[PDB]
C-alpha cells in the first residue's frame, strides 16, 4: 500500500510476541527505513519506536505544547491528551491526523500535523501544525474523532471518522491540501441503528477490488469492563454500501465480528490493518485482565479466506 509502506517484510513469518513498553490506546503504525513507529492516544500524541516491530520503546510525543486553535473548537478542554492518531505517507510527507475532544461530547475537531520524516535524528524532523481538518459542534449529528485516511484504487484520498451519534462518516480529501474541499459532501457509511450508537474507530483498506471497513463496536475505556469488539464489512465502491458476510448493511448494524476478546484480553478494539507483500497484520489495543485493565498494544497476523474475508489465526 503506497501510503502505508512496509517494504519487503513477511508479517506471517514473524514472531509477534511483543516486548517492551506496550501501554497503548488507539494505535497506528508506520515504518520508515529500518525503524518502526507507533502513534497512540495520550499527552501530545504519544510515540513509540522499534527496530523490529516487536520490541517497543517509548519515544516522546508529537506536540510538547498544544496549538492555541484547539480552543476555538473545544474551549472546555483542559488537559493535553490527544486521541486516535492516524498516519500515512504521501508525496514524501507524513500526514498525522488526530482528535481534539472531551469525553462524552461531540464538540470535537480532527487536526493534521505533518513531518518530512519520522526519525528525530534527521535534521528535517519537525512536526508542523497544519491546523484543523473537520470539526463537529453539539448541533451536529456526528463526532469529529477517530480519523483514518485511505487512498482508493484510483488515487483519491478519503477521510473516514466518527464515534457515536449518527456513526461513521466519509469525506473526500484533496491531494494537495490533504483536507476536504469546503463544499465536499459528508457521507454516513455505518451505524449500529441503535441508541446510543456504539460504533467508532473506522479503518478502511482495499484488497482485491473490495474496500473493507473495520470498526469497533460497543464500549472502550472501562478497563476490564470494556466491551469493545472489532467488526468488518466490505463494498466494491469506497462509498458503500458496506455489507457483512450475511448480506447485512453496516448502516443497519451489519458487521462480521473478527475479535470480541476473551478472559485474558478484554475489549479488543480501535484497530488498524497493514499489508506487506501477501501478508497482513491487525493492530489494536486490548485491556489486560491480568494487569488492572491496562490497555495494551496487540499486533497479530491477519489472514484472508478464499471468499476474501479476513480472519485471525489461532
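Positions refer to the first chain, counted from 1.
Visitor: Averaging CA B factors per stretch from the PDB record, which one is higher: 6-14 or 288-296?
Guide: 6-14 has the higher mean C-alpha B-factor.
Visitor: Once you work out the mean C-alpha B-factor for both 20-28 and 298-306 from the entry, which is higher?
Guide: Taking the mean B-factor of the alpha carbons in each, 298-306 is higher.
Visitor: Among 269, 44, 255, 33, where is the Cα B factor highest in this entry?
Guide: Checking the PDB record, the top C-alpha B-factor among 269, 44, 255, 33 is at 33.
Visitor: Sorting 59, 38, 273, 250 by Cα temperature factor from the record, which one lands on top?
Guide: So the option with the highest C-alpha B-factor is 59.
Visitor: By the record's CA B-factor, is residue 138 among the lowest, middle or highest third of residues in the chain?
Guide: For residue 138, whose C-alpha B-factor we compare with every modelled residue in the chain, the answer is the highest third.
Visitor: Should residue 182 be placed in the lowest, middle or highest third of its chain by the C-alpha B factor in the entry?
Guide: As the PDB entry reports it, the C-alpha B-factor of residue 182 lands in the highest third of its chain.
Visitor: By its CA B factor, does residue 193 count among the lowest, middle or highest third of the modelled residues in the chain?
Guide: Middle third of the chain for residue 193's C-alpha B-factor.
Visitor: Lowest, middle or highest third: which one holds residue 146 when the chain's residues are ordered by CA B-factor from the entry?
Guide: According to the entry, residue 146 has a C-alpha B-factor in the chain's lowest third.
Visitor: Of the three thirds of its chain by CA temperature factor, lowest, middle or highest, which one includes residue 240?
Guide: For residue 240, the deposited C-alpha B-factor lands in the highest third.
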